[PDB]
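Below, chains carry the letters A, B, ... as their sequence lines are ordered, and counting in each starts from 1.
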Amino acid sequence: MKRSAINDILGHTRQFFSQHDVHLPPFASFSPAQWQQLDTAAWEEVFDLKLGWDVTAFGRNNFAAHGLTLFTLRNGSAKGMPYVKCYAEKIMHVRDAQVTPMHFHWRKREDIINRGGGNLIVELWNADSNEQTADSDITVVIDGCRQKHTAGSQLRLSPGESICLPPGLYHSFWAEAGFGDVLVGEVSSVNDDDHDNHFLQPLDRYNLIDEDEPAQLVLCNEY
Amino acid sequence: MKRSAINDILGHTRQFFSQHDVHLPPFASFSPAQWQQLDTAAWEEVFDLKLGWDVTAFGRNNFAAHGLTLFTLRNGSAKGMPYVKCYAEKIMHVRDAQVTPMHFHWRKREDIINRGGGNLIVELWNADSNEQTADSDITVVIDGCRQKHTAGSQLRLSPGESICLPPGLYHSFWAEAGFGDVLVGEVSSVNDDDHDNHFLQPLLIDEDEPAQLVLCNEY
Ligand SMILES: [Mn+2]
Ligand SMILES: [Mn+2]
C-alpha cells in the first residue's frame, strides 16, 4: 500500500466516524511530528499494546474488495504482563461490500457489534482438527440469545446487534453490498494481531508501505 | 420510585442515545408482554447476567442530583463460570450535574469513556485499609498515557477520552455543570452489581402506570 492511499483512507474513515458521532482520543489525531515530541515514558502503553490506527489489505492488492480500517482504543498484554487488563476495544470502518477474510483467533473471544450504518454480514464455520472449515453446526450467542445454525451460515447484524465469537470459530464479515458502510465495534479479551490470527488462506495481517508522501498519521504497527 | 418516572427517564435516555447514533439490541425495546413470550432456554444469558436497562437513584429521593441510567450490553459470570466471557460493556446517560456517588469495585477493572456530549468529571481517591479515602497519590492511565495525581483529583474527560480505573480505586463522576448531558461508555472486566460495589457512604417501584420496558433487576 502507498502512504498516500493510507492518508486518504484514514481521512475518509475519520470523517465516517465523525458522521456517526464517534469520538476518538486526542492521540488519534497526532501527526508524526507530534508523536516525536511526546514523553515516551508516559506513553509506553500505546506503543506496547499497539493502540491506534490500523489499515490493512490483508497482504493483497485490492483494499476496496478485501480490507479493513480499525482504531484500537484499549487493550492489555497478550501474556498479562506488564499490562494486566483482560479486555480490549476496537472501533472499525467496514466499507460497502468490503470483505475481512475468513479467520479464527487462538485465544481472543470477541463480540462483534454493528454500531451503525449498513448491515454487517458475518459468515461462520467451526474449524476442524486440520484447521479447515468443518461441516458441523455452529452455536453462537447473538445479544444474549443462544442459537444453533448450519455450517457456513451468513448472519445479518442490523445496527445495534452483536455476536459473540468464541476462540477457534472461523468468521468472515463484510458490509452487505449496496446498504452502505458499517461502523463496527469490537469488545473482546486481549488483542494480539502479531500471533492470535489464523487465516484460512495463508495471508499477512499487515501490508508493507510505499512511502510516496509524508505520513499524516502513525499506524499502530510502526511506533 | 414511580413507574411513570422510570418510563419518562427511559424515554428521554432512548432519545438521547438515538441523537448520538447509539443503537441498542432488539431486546432493549421489548415490552413486558414480549419478555413473557420469550424462549427461556435461549435467553438465559440475558437473565443470568442482568443485561439491559438499569435506572438508579442510589437508594435516595433525588434522581436529578444523584442518579444514573445504564444499559448493560454484554457481560460474563462473576466467578468465570458458566459464562466464561471475561469482559463487559455498558452504555450510560449522565444528566447535566448528575452525580454517581463515590465507590470502588472489589474485582472489576473498568475503562470509563466519554462517548460524547458534555465533559465527564471524575474524582479519584485510593482506598485505605479501612475502606476510607487515602491521601496517597493516584496513578491512572488516560487513553494509554500514564500519569500521577494528588488524592481527590478531579479529572476532565472530553468527548473521546477514557480512563482506566483499577479495582479498589474510589471514583465518583458527573457531567460538568453547564456543558450538557454525557454519553458514557464502560468497557470492563465482568460486572456484578449484586456484590462488587463498595460505596464510601453505604447504600421499591410504585406501578402507577403500565411499564413500557423491563429493568435488569426484575427478570
Ligand atoms: Mn476476528
Ligand atoms: Mn465504577
Side-chain angles (χ1 to χ4, degrees), chain A residues 1-35 46 50-58 62-74 89-100 112-120 157-160 173-186 206-207 209-222, chain B residues 17-23 91 113-119 143-144 157-162 180 182-183 185:
Chain A
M1 302 187 71
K2 294 169 198 296
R3 182 64 68 175
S4 58
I6 293 160
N7 286 337
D8 189 53
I9 286 158
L10 292 179
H12 283 283
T13 289
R14 291 174 69 190
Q15 293 171 322
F16 180 71
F17 287 171
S18 189
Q19 161 187 330
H20 277 84
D21 210 3
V22 169
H23 292 88
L24 294 183
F27 81 85
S29 60
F30 292 171
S31 59
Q34 286 169 315
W35 282 108
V46 170
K50 300 195 171 181
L51 308 185
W53 292 111
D54 195 351
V55 176
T56 183
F58 300 96
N62 191 353
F63 175 79
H66 296 93
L68 190 54
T69 311
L70 316 87
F71 194 92
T72 301
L73 294 157
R74 71 204 79 261
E89 187 195 1
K90 301 187 188 184
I91 192 68
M92 296 170 18
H93 182 188
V94 173
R95 289 158 161 91
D96 195 307
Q98 187 185 41
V99 170
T100 290
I112 291 71
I113 308 151
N114 186 343
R115 301 274 203 202
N119 303 320
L120 195 74
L157 301 180
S158 297
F173 55 83
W174 54 94
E176 190 170 20
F179 294 82
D181 299 356
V182 182
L183 180 70
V184 179
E186 186 184 325
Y206 300 113
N207 284 68
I209 313 307
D210 176 7
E211 305 296 347
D212 66 332
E213 75 173 20
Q216 288 159 18
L217 301 163
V218 175
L219 301 175
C220 71
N221 60 310
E222 65 191 7
Chain B
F17 285 175
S18 184
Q19 289 164 13
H20 276 85
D21 220 343
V22 171
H23 299 90
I91 189 72
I113 307 151
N114 183 344
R115 296 224 193 261
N119 300 323
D143 299 302
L157 299 178
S158 302
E161 295 191 292
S162 70
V182 182
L183 176 72

- [ ] Measure centre to centre between the rings of A:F16 and A:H12, then say whether the value is under 6.0 Å.
- [x] no
Side chain proximity check, [X] to [Y], heavy atoms < 4.5 angstrom:
| X | Y | value |
| --- | --- | --- |
| A:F173 | A:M92 | yes |
| A:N119 | A:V182 | no |
| A:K90 | A:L73 | no |
| A:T72 | A:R74 | no |
| A:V55 | A:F63 | yes |
| A:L120 | A:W174 | no |
| A:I112 | A:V184 | yes |
| A:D8 | A:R3 | no |

Task: Donor-acceptor pair between A:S18 and A:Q15 side chains, under 3.5 angstrom - done: no
Open item on the list: Distance alone, cut at 3.5 Å: any donor-acceptor contact between the side chains of B:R115 and B:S162?
Closed with: no
Minimum heavy-atom separation for [X] to [Y], with atom names?
| X | Y | value |
| --- | --- | --- |
| A:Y206 | A:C220 | OH-SG, 4.4 Å |
| A:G117 | A:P159 | O-CG, 3.5 Å |
| A:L217 | A:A28 | CD2-O, 3.6 Å |
| A:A177 | A:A97 | CB-CB, 4.0 Å |
| A:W53 | A:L10 | CE3-CD2, 3.5 Å |
| A:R95 | A:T69 | NH1-OG1, 3.0 Å |

Once you round to the nearest 0.5 Å, how far does [atom1] of [X] lie from [atom2] of [Y]?
| X | Y | atom1 | atom2 | answer |
| --- | --- | --- | --- | --- |
| A:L219 | A:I209 | CG | CD1 | 6.0 Å |
| A:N207 | A:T56 | CG | OG1 | 4.5 Å |
| A:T13 | A:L24 | OG1 | CG | 10.5 Å |
| A:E89 | A:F71 | CD | CZ | 10.5 Å |

Counting only N and O atoms by type, is there a donor-acceptor contact under 3.5 Å from the side chain of [X] to the main-chain atoms of [Y]?
| X | Y | value |
| --- | --- | --- |
| B:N114 | B:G160 | no |
| B:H23 | B:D21 | yes |
| A:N7 | A:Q216 | yes |
| A:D210 | A:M1 | no |

TODO: Look at the rings of A:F17 and A:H93 and say which category their plane angle falls in: under 30° parallel, 30 to 60° tilted, over 60° perpendicular.
DONE: tilted
- [ ] Quick one: list whatever passes salt bridge (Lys or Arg N to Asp or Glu O under 4.0 Å) with A:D54, sequence neighbours left out.
- [x] A:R205
